[PDB]
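This is upload-v4.txt (compact mmCIF, N, CA and C atoms).
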# COMPACT_ATOMS: atom_id res chain seq x y z
N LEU A 910 12.77 19.12 -4.37
CA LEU A 910 11.88 18.28 -3.57
C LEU A 910 12.67 17.51 -2.53
N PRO A 911 12.79 18.03 -1.31
CA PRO A 911 13.28 17.19 -0.21
C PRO A 911 12.31 16.05 0.06
N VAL A 912 12.87 14.87 0.32
CA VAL A 912 12.09 13.64 0.41
C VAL A 912 12.46 12.90 1.69
N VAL A 913 11.53 12.08 2.17
CA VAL A 913 11.71 11.30 3.38
C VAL A 913 11.17 9.89 3.14
N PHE A 914 12.06 8.93 2.95
CA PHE A 914 11.67 7.53 2.84
C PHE A 914 11.58 6.91 4.23
N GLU A 915 10.69 5.94 4.37
CA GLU A 915 10.45 5.33 5.68
C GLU A 915 9.99 3.89 5.50
N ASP A 916 10.67 2.98 6.18
CA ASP A 916 10.33 1.56 6.17
C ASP A 916 10.41 0.98 4.76
N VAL A 917 11.62 1.01 4.21
CA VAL A 917 11.88 0.49 2.88
C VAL A 917 12.32 -0.96 3.01
N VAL A 918 11.71 -1.84 2.22
CA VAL A 918 12.00 -3.27 2.25
C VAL A 918 12.29 -3.73 0.83
N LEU A 919 13.50 -4.22 0.59
CA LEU A 919 13.90 -4.73 -0.71
C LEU A 919 13.63 -6.23 -0.74
N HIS A 920 12.55 -6.62 -1.42
CA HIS A 920 12.09 -8.00 -1.37
C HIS A 920 12.92 -8.94 -2.23
N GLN A 921 13.43 -8.46 -3.37
CA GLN A 921 14.24 -9.31 -4.23
C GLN A 921 15.18 -8.44 -5.04
N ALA A 922 16.21 -9.06 -5.59
CA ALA A 922 17.24 -8.37 -6.35
C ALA A 922 17.03 -8.59 -7.84
N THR A 923 17.17 -7.51 -8.61
CA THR A 923 16.98 -7.54 -10.06
C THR A 923 18.34 -7.59 -10.74
N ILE A 924 18.54 -8.59 -11.60
CA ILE A 924 19.79 -8.75 -12.33
C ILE A 924 19.64 -8.06 -13.68
N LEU A 925 20.57 -7.18 -14.00
CA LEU A 925 20.50 -6.44 -15.25
C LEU A 925 21.09 -7.28 -16.37
N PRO A 926 20.31 -7.67 -17.37
CA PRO A 926 20.84 -8.55 -18.41
C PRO A 926 21.93 -7.88 -19.22
N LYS A 927 22.87 -8.70 -19.70
CA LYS A 927 23.96 -8.18 -20.52
C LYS A 927 23.44 -7.57 -21.81
N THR A 928 22.33 -8.09 -22.33
CA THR A 928 21.69 -7.55 -23.53
C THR A 928 20.20 -7.45 -23.29
N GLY A 929 19.63 -6.30 -23.60
CA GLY A 929 18.21 -6.06 -23.43
C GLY A 929 17.92 -5.04 -22.35
N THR A 930 16.71 -5.13 -21.81
CA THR A 930 16.23 -4.16 -20.83
C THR A 930 15.36 -4.86 -19.80
N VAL A 931 15.31 -4.26 -18.61
CA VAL A 931 14.41 -4.66 -17.54
C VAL A 931 13.53 -3.46 -17.22
N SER A 932 12.22 -3.67 -17.21
CA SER A 932 11.25 -2.60 -17.03
C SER A 932 10.73 -2.63 -15.60
N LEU A 933 10.86 -1.51 -14.89
CA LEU A 933 10.40 -1.38 -13.52
C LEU A 933 9.25 -0.39 -13.45
N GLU A 934 8.16 -0.79 -12.82
CA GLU A 934 7.00 0.06 -12.61
C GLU A 934 7.01 0.58 -11.18
N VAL A 935 6.63 1.84 -11.00
CA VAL A 935 6.55 2.46 -9.69
C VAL A 935 5.14 3.00 -9.51
N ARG A 936 4.49 2.58 -8.42
CA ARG A 936 3.12 2.95 -8.12
C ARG A 936 3.07 3.60 -6.75
N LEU A 937 2.35 4.71 -6.65
CA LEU A 937 2.25 5.47 -5.42
C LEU A 937 0.81 5.47 -4.92
N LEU A 938 0.66 5.60 -3.61
CA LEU A 938 -0.64 5.82 -2.97
C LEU A 938 -0.49 7.09 -2.14
N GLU A 939 -0.80 8.23 -2.76
CA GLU A 939 -0.56 9.52 -2.12
C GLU A 939 -1.31 9.62 -0.80
N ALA A 940 -2.53 9.09 -0.74
CA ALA A 940 -3.31 9.18 0.49
C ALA A 940 -2.64 8.44 1.63
N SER A 941 -2.08 7.26 1.35
CA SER A 941 -1.39 6.47 2.36
C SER A 941 0.10 6.76 2.44
N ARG A 942 0.64 7.56 1.52
CA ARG A 942 2.06 7.87 1.50
C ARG A 942 2.90 6.60 1.38
N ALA A 943 2.49 5.71 0.48
CA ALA A 943 3.15 4.43 0.28
C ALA A 943 3.45 4.22 -1.19
N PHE A 944 4.52 3.47 -1.46
CA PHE A 944 4.95 3.21 -2.83
C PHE A 944 5.32 1.74 -2.96
N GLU A 945 5.08 1.20 -4.15
CA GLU A 945 5.46 -0.17 -4.49
C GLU A 945 6.13 -0.18 -5.85
N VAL A 946 7.34 -0.72 -5.91
CA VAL A 946 8.06 -0.92 -7.16
C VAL A 946 7.93 -2.38 -7.55
N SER A 947 7.49 -2.63 -8.77
CA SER A 947 7.20 -3.97 -9.24
C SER A 947 7.99 -4.26 -10.50
N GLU A 948 8.13 -5.55 -10.79
CA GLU A 948 8.88 -6.03 -11.96
C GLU A 948 8.18 -7.27 -12.48
N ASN A 949 7.47 -7.13 -13.60
CA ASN A 949 6.75 -8.24 -14.22
C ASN A 949 5.74 -8.86 -13.26
N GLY A 950 5.12 -8.03 -12.43
CA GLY A 950 4.11 -8.50 -11.51
C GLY A 950 4.63 -9.04 -10.19
N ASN A 951 5.94 -8.96 -9.95
CA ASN A 951 6.54 -9.42 -8.71
C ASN A 951 6.99 -8.21 -7.90
N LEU A 952 6.64 -8.20 -6.62
CA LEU A 952 7.02 -7.10 -5.74
C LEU A 952 8.53 -7.07 -5.57
N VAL A 953 9.10 -5.87 -5.64
CA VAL A 953 10.54 -5.67 -5.54
C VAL A 953 10.90 -4.79 -4.35
N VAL A 954 10.23 -3.65 -4.21
CA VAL A 954 10.49 -2.72 -3.12
C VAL A 954 9.16 -2.17 -2.62
N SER A 955 9.10 -1.91 -1.31
CA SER A 955 7.91 -1.34 -0.70
C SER A 955 8.34 -0.43 0.44
N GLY A 956 7.51 0.56 0.73
CA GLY A 956 7.81 1.49 1.80
C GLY A 956 6.94 2.72 1.71
N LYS A 957 7.37 3.77 2.41
CA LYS A 957 6.64 5.02 2.49
C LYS A 957 7.54 6.16 2.04
N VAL A 958 6.97 7.08 1.26
CA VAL A 958 7.69 8.23 0.74
C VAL A 958 6.79 9.45 0.82
N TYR A 959 7.35 10.58 1.25
CA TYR A 959 6.59 11.81 1.31
C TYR A 959 7.55 13.00 1.35
N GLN A 960 7.03 14.14 0.91
CA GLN A 960 7.81 15.37 0.90
C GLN A 960 8.08 15.85 2.32
N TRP A 961 9.27 16.40 2.54
CA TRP A 961 9.68 16.89 3.85
C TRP A 961 9.22 18.34 3.98
N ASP A 962 8.19 18.57 4.79
CA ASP A 962 7.59 19.89 4.87
C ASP A 962 8.58 20.92 5.39
N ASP A 963 9.32 20.58 6.44
CA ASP A 963 10.21 21.52 7.13
C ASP A 963 11.59 20.90 7.27
N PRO A 964 12.42 20.98 6.24
CA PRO A 964 13.81 20.52 6.38
C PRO A 964 14.54 21.30 7.46
N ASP A 965 15.37 20.59 8.22
CA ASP A 965 16.21 21.21 9.24
C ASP A 965 17.67 20.89 8.93
N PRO A 966 18.51 21.89 8.63
CA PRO A 966 19.92 21.58 8.38
C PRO A 966 20.63 20.96 9.57
N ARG A 967 20.10 21.14 10.78
CA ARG A 967 20.74 20.56 11.96
C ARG A 967 20.79 19.04 11.88
N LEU A 968 19.87 18.42 11.15
CA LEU A 968 19.83 16.97 11.09
C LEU A 968 21.07 16.39 10.44
N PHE A 969 21.80 17.18 9.66
CA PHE A 969 22.99 16.71 8.96
C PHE A 969 24.28 17.16 9.62
N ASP A 970 24.22 17.67 10.85
CA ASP A 970 25.44 17.94 11.60
C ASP A 970 26.04 16.63 12.08
N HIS A 971 27.34 16.48 11.87
CA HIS A 971 27.99 15.19 12.09
C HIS A 971 28.06 14.87 13.58
N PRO A 972 27.52 13.74 14.03
CA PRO A 972 27.60 13.42 15.46
C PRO A 972 29.04 13.26 15.92
N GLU A 973 29.30 13.69 17.15
CA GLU A 973 30.62 13.51 17.74
C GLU A 973 30.99 12.04 17.73
N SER A 974 32.18 11.73 17.21
CA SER A 974 32.57 10.35 17.03
C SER A 974 32.85 9.70 18.38
N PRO A 975 32.42 8.45 18.59
CA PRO A 975 32.73 7.78 19.86
C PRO A 975 34.22 7.62 20.10
N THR A 976 35.01 7.43 19.05
CA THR A 976 36.45 7.26 19.17
C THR A 976 37.15 8.55 18.77
N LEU B 910 -16.24 -13.81 -9.55
CA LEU B 910 -14.99 -13.51 -8.86
C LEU B 910 -15.15 -13.74 -7.37
N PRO B 911 -14.82 -14.93 -6.87
CA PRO B 911 -14.78 -15.14 -5.42
C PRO B 911 -13.58 -14.42 -4.82
N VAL B 912 -13.85 -13.48 -3.92
CA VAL B 912 -12.84 -12.54 -3.46
C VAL B 912 -12.48 -12.86 -2.01
N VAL B 913 -11.45 -12.19 -1.51
CA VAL B 913 -10.99 -12.33 -0.14
C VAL B 913 -10.46 -10.99 0.33
N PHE B 914 -11.03 -10.46 1.40
CA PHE B 914 -10.56 -9.23 2.02
C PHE B 914 -9.83 -9.58 3.30
N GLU B 915 -8.64 -9.01 3.49
CA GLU B 915 -7.87 -9.23 4.70
C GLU B 915 -7.38 -7.90 5.25
N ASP B 916 -7.50 -7.74 6.57
CA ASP B 916 -7.00 -6.57 7.28
C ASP B 916 -7.62 -5.29 6.74
N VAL B 917 -8.93 -5.20 6.86
CA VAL B 917 -9.68 -4.03 6.42
C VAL B 917 -9.75 -3.03 7.57
N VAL B 918 -9.54 -1.76 7.26
CA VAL B 918 -9.56 -0.68 8.24
C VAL B 918 -10.41 0.45 7.69
N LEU B 919 -11.37 0.91 8.49
CA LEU B 919 -12.19 2.07 8.15
C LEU B 919 -11.67 3.25 8.96
N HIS B 920 -11.03 4.20 8.27
CA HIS B 920 -10.36 5.30 8.96
C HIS B 920 -11.32 6.43 9.28
N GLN B 921 -12.21 6.78 8.35
CA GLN B 921 -13.19 7.82 8.60
C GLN B 921 -14.47 7.47 7.87
N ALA B 922 -15.57 8.03 8.35
CA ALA B 922 -16.89 7.79 7.77
C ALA B 922 -17.23 8.92 6.82
N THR B 923 -17.64 8.57 5.60
CA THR B 923 -18.03 9.55 4.60
C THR B 923 -19.54 9.74 4.65
N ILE B 924 -19.97 10.99 4.70
CA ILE B 924 -21.37 11.35 4.85
C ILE B 924 -21.92 11.68 3.47
N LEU B 925 -22.90 10.92 3.02
CA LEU B 925 -23.52 11.20 1.73
C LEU B 925 -24.42 12.41 1.88
N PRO B 926 -24.16 13.51 1.18
CA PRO B 926 -24.98 14.71 1.37
C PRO B 926 -26.35 14.54 0.75
N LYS B 927 -27.29 15.36 1.23
CA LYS B 927 -28.64 15.33 0.69
C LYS B 927 -28.64 15.70 -0.79
N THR B 928 -27.84 16.70 -1.16
CA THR B 928 -27.68 17.12 -2.54
C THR B 928 -26.21 17.05 -2.92
N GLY B 929 -25.96 16.94 -4.22
CA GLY B 929 -24.61 16.75 -4.70
C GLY B 929 -24.21 15.29 -4.62
N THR B 930 -22.92 15.05 -4.88
CA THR B 930 -22.38 13.70 -4.88
C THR B 930 -20.97 13.72 -4.31
N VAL B 931 -20.54 12.55 -3.85
CA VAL B 931 -19.21 12.36 -3.28
C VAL B 931 -18.44 11.42 -4.19
N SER B 932 -17.22 11.80 -4.54
CA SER B 932 -16.36 10.99 -5.39
C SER B 932 -15.43 10.15 -4.53
N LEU B 933 -15.44 8.84 -4.76
CA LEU B 933 -14.54 7.91 -4.10
C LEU B 933 -13.61 7.30 -5.13
N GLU B 934 -12.33 7.21 -4.78
CA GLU B 934 -11.29 6.75 -5.70
C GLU B 934 -10.62 5.51 -5.13
N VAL B 935 -10.54 4.46 -5.94
CA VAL B 935 -9.97 3.18 -5.54
C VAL B 935 -8.68 2.96 -6.31
N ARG B 936 -7.60 2.70 -5.59
CA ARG B 936 -6.31 2.40 -6.19
C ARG B 936 -5.85 1.03 -5.71
N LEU B 937 -5.55 0.15 -6.66
CA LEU B 937 -5.15 -1.22 -6.38
C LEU B 937 -3.66 -1.39 -6.63
N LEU B 938 -3.01 -2.15 -5.76
CA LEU B 938 -1.60 -2.51 -5.90
C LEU B 938 -1.54 -4.03 -6.02
N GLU B 939 -1.49 -4.52 -7.26
CA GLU B 939 -1.58 -5.96 -7.48
C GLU B 939 -0.42 -6.70 -6.81
N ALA B 940 0.79 -6.16 -6.92
CA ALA B 940 1.95 -6.88 -6.41
C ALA B 940 1.84 -7.12 -4.92
N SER B 941 1.40 -6.12 -4.17
CA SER B 941 1.28 -6.22 -2.72
C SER B 941 -0.09 -6.71 -2.28
N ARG B 942 -1.00 -6.98 -3.21
CA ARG B 942 -2.35 -7.41 -2.88
C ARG B 942 -2.99 -6.44 -1.89
N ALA B 943 -2.93 -5.16 -2.23
CA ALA B 943 -3.43 -4.09 -1.38
C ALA B 943 -4.33 -3.17 -2.20
N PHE B 944 -5.21 -2.48 -1.50
CA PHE B 944 -6.07 -1.48 -2.10
C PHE B 944 -6.10 -0.24 -1.22
N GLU B 945 -6.80 0.78 -1.69
CA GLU B 945 -6.92 2.03 -0.96
C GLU B 945 -8.08 2.82 -1.54
N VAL B 946 -9.02 3.21 -0.69
CA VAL B 946 -10.11 4.08 -1.07
C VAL B 946 -9.81 5.46 -0.51
N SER B 947 -9.88 6.48 -1.37
CA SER B 947 -9.55 7.84 -0.98
C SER B 947 -10.65 8.79 -1.42
N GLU B 948 -10.88 9.81 -0.61
CA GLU B 948 -11.86 10.86 -0.90
C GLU B 948 -11.16 12.20 -0.78
N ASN B 949 -11.02 12.91 -1.90
CA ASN B 949 -10.38 14.22 -1.93
C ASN B 949 -9.00 14.16 -1.28
N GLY B 950 -8.30 13.06 -1.51
CA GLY B 950 -6.98 12.88 -0.95
C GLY B 950 -6.95 12.50 0.51
N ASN B 951 -8.06 12.02 1.07
CA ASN B 951 -8.11 11.55 2.44
C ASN B 951 -8.37 10.05 2.45
N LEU B 952 -7.50 9.31 3.12
CA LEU B 952 -7.68 7.87 3.23
C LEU B 952 -8.96 7.56 3.99
N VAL B 953 -9.80 6.70 3.41
CA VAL B 953 -11.05 6.29 4.04
C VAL B 953 -11.05 4.80 4.38
N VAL B 954 -10.45 3.96 3.54
CA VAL B 954 -10.34 2.53 3.81
C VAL B 954 -9.01 2.02 3.28
N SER B 955 -8.48 1.00 3.96
CA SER B 955 -7.25 0.34 3.56
C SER B 955 -7.35 -1.14 3.88
N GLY B 956 -6.53 -1.93 3.21
CA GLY B 956 -6.51 -3.36 3.46
C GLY B 956 -5.99 -4.12 2.25
N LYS B 957 -6.30 -5.41 2.23
CA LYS B 957 -5.82 -6.32 1.19
C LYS B 957 -7.00 -7.01 0.54
N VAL B 958 -7.02 -7.04 -0.79
CA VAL B 958 -8.03 -7.74 -1.56
C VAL B 958 -7.34 -8.54 -2.65
N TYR B 959 -7.78 -9.77 -2.86
CA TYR B 959 -7.23 -10.60 -3.92
C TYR B 959 -8.24 -11.69 -4.26
N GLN B 960 -8.03 -12.31 -5.42
CA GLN B 960 -8.94 -13.35 -5.89
C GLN B 960 -8.73 -14.64 -5.11
N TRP B 961 -9.84 -15.25 -4.70
CA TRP B 961 -9.80 -16.53 -4.01
C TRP B 961 -9.47 -17.61 -5.04
N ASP B 962 -8.30 -18.24 -4.89
CA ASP B 962 -7.82 -19.15 -5.92
C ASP B 962 -8.71 -20.38 -6.03
N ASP B 963 -8.99 -21.04 -4.91
CA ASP B 963 -9.76 -22.28 -4.89
C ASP B 963 -10.77 -22.23 -3.76
N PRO B 964 -11.99 -21.76 -4.03
CA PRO B 964 -13.01 -21.74 -2.98
C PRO B 964 -13.25 -23.12 -2.40
N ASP B 965 -13.42 -23.18 -1.09
CA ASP B 965 -13.71 -24.43 -0.38
C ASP B 965 -15.08 -24.29 0.27
N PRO B 966 -16.15 -24.75 -0.38
CA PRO B 966 -17.50 -24.53 0.15
C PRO B 966 -17.67 -24.98 1.59
N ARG B 967 -16.78 -25.85 2.08
CA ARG B 967 -16.84 -26.24 3.48
C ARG B 967 -16.76 -25.04 4.41
N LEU B 968 -16.05 -23.98 3.98
CA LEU B 968 -15.88 -22.82 4.84
C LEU B 968 -17.21 -22.19 5.21
N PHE B 969 -18.23 -22.36 4.37
CA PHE B 969 -19.52 -21.74 4.58
C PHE B 969 -20.50 -22.64 5.33
N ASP B 970 -20.10 -23.86 5.69
CA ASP B 970 -20.95 -24.70 6.52
C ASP B 970 -21.14 -24.05 7.88
N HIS B 971 -22.36 -24.06 8.38
CA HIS B 971 -22.70 -23.26 9.54
C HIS B 971 -21.98 -23.79 10.78
N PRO B 972 -21.25 -22.95 11.51
CA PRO B 972 -20.46 -23.45 12.64
C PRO B 972 -21.34 -23.99 13.75
N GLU B 973 -20.79 -24.95 14.49
CA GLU B 973 -21.45 -25.49 15.66
C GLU B 973 -22.03 -24.36 16.51
N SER B 974 -23.34 -24.42 16.75
CA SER B 974 -24.03 -23.28 17.34
C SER B 974 -23.56 -23.05 18.78
N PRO B 975 -23.47 -21.80 19.22
CA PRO B 975 -23.11 -21.56 20.63
C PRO B 975 -24.07 -22.21 21.62
N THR B 976 -25.36 -22.20 21.31
CA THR B 976 -26.38 -22.82 22.16
C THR B 976 -27.00 -23.99 21.40

Could you render the structure from this file as structure tokens?
Amino acid sequence: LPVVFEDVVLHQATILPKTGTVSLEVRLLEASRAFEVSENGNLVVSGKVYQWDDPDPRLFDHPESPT
Amino acid sequence: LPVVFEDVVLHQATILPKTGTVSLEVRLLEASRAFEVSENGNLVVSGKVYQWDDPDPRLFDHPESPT
């Protein structure tokens, strides 16, 4: 699955406790191509995600360096 | 439930057929206070809905008339 993220915003940082677990929920809106990652009812990450219909290997050719 | 809708968008109009039925699907994103109505995977409405915390009945007082 090639993927294309777009307009990702990290609203807050999650600290991993030395003991225990942190549970993250991920919710998608396929019609709007949008996703929200939440933590205990607080927004953590938001943006758009969708499958890349036509991958082009040219996109990963290294640009000529300015220096 | 006193509600509040913000930034509502109607993307396409759904035609109720003479026979049969149309299925509409509502997906809520509590963290982002957003919703989405979809029909067969096509976005029909988008926006924000959330509970009105403290209704202020003054808001419904009739505004000073234009004439």

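Relative to CA of residue 910 (chain A), atom N of residue 967 (chain A) is found at 16.8 Å.
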
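Superposing chain A on chain B by least squares over all C-alpha atoms, matched in sequence order, gives an RMSD of 0.4 Å.
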
Check your understanding: Taking only C-alpha atoms into account, what are the residues of chain B at most 12 Å from chain A, put as number ranges by chain?
Key -> B: 920, 934-956

Each side padded by 4 Å, which centre and which edge lengths in Å (one decimal) define the axis-aligned box around the listed atoms of region 945-959 of chain B? Give them as AutoDock Vina command-line options.
--center_x -8.8 --center_y 1.3 --center_z 0.1 --size_x 14.0 --size_y 33.9 --size_z 16.6

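Backbone DSSP over chain A gives helix (DSSP H, G or I) for residues 966, 967, 968 and 969 of chain A.
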
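Computed from the coordinates, the atom C of residue 915 (chain A) to atom N of residue 958 (chain A) distance equals 6.1 Å.
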
Exercise for review: Enumerate, as a ChimeraX atom specification, the complete set of residues in chain B that a backbone-based DSSP assignment places in strand (DSSP E).
Suggested key: /B:912-919,934-938,943-948,951-960

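We find CA of residue 957 (chain A) and CA of residue 921 (chain A) to be spaced 17.6 Å apart.
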